[PDB]
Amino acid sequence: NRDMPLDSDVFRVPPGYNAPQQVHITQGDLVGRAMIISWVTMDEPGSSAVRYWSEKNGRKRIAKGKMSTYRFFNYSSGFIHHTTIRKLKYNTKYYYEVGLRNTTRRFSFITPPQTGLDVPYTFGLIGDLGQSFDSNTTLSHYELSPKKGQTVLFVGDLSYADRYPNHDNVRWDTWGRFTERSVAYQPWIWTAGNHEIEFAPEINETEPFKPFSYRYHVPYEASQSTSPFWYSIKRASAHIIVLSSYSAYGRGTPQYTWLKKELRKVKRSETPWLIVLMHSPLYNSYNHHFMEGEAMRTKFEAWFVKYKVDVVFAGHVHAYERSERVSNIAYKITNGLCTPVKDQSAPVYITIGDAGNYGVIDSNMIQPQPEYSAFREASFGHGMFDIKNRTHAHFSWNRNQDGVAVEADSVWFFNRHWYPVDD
């Protein structure tokens, strides 16, 4: 129902014996000189080797990775490959090949420039993609964007395989072949959503995030995190912090402890743009999932303001919303201070979980529009966070019903460290 049929063109299997499929890449290190290359072979294990080279140096090298598999209920996965290429040059085009033993497929990516204060960079924002027809339109809109996204920040809810009978994991495979046309060529930065949890005791699957964690690796050790579900990376002029809404974040827990130290590490004269990703929005004025973000908000909101986070992106709610710069950190149980106030040190909260999911939009909103909410609309679409320099970043929202160059909402971000004026 609204999910694309198994025989859709986007799900076609790359031909050839043991042809690599579901190819995807993401940042492999802390600063952008590494890339994790990932893929599945279905006919037999095959090699985890990856051949790569720049189009200038031309010198072909080999990286060696690891193979793994998993079962989920009555599903058995193919052979999953993860391999890290390291010590790449900044701002250069590389070609890479996988499937060296049997049927090779070749791709390419462009390393970002070295991190720096005034380095421009364009990030795409996609949330709650799924694999419905709406999902395919959003991806087409992103790739056809005139702005040209160089990396996608993904706020969680990838395949929605768990909506299927016994979570039919084939629908991970299909989502993988589906998204390849983008993530094979540019990194997507993964955030874990509730559809990735796949906690299902009724069929004896009780390991949280299993399918997701096997298929999508992240460079978590690089930020001294002890878990794939929270970690940070730097790219161009942005310091990106990925949190787990569905992991522990109580005082003294690994994620809470890791976040607190990580914030101390941020250097705004190197990475001016402080960006946080999480699945569940801390600010949300839709009926659906209203106030789910309250728990995390009590732990982390004050930290976000103290460190002057520029922007917090979330999905989970199937619609679009952009908050005012507000905070709600003055409450003391009995002092009655529980209303959000204008606060120029606070980030803007953006809900961008409207990429298509299984074809349903969340349109019931709390009335009236709260003062903390600047703009909200129930349409499928995606975002673009375009960094011009240390003071200015341009955010735009593009709807699926619009032309690919139309921005139904846009706003200039004025950097909280370098240029904290009213935006």
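Numbers for residues come from their place in the sequence shown, where the first is 1.
Per-stretch averaging of Cα B factors for 107 to 115 and 311 to 319 places 107 to 115 on top. For the pair 331 to 339 and 86 to 94, the mean B factor over Cα atoms is greater in 86 to 94. When the C-alpha B-factors of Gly353, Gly149, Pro272, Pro219 are read from the PDB record, the largest value belongs to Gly149. Out of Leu125, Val266, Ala302, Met278, the entry records its largest CA B-factor for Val266.
Placement of the Cα temperature factor of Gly46 within the chain: middle third of the modelled residues, per the deposited record. Per the PDB record, residue ranking by Cα B-factor puts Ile233 in the middle third of the chain. The entry lists a Cα temperature factor for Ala34 that places it in the highest third of the chain's modelled residues. Ranked against the other modelled residues of its chain, the C-alpha B-factor of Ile361 as given in the entry falls in the middle third. Per-chain ranking of the deposited C-alpha B factor places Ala248 in the lowest third.
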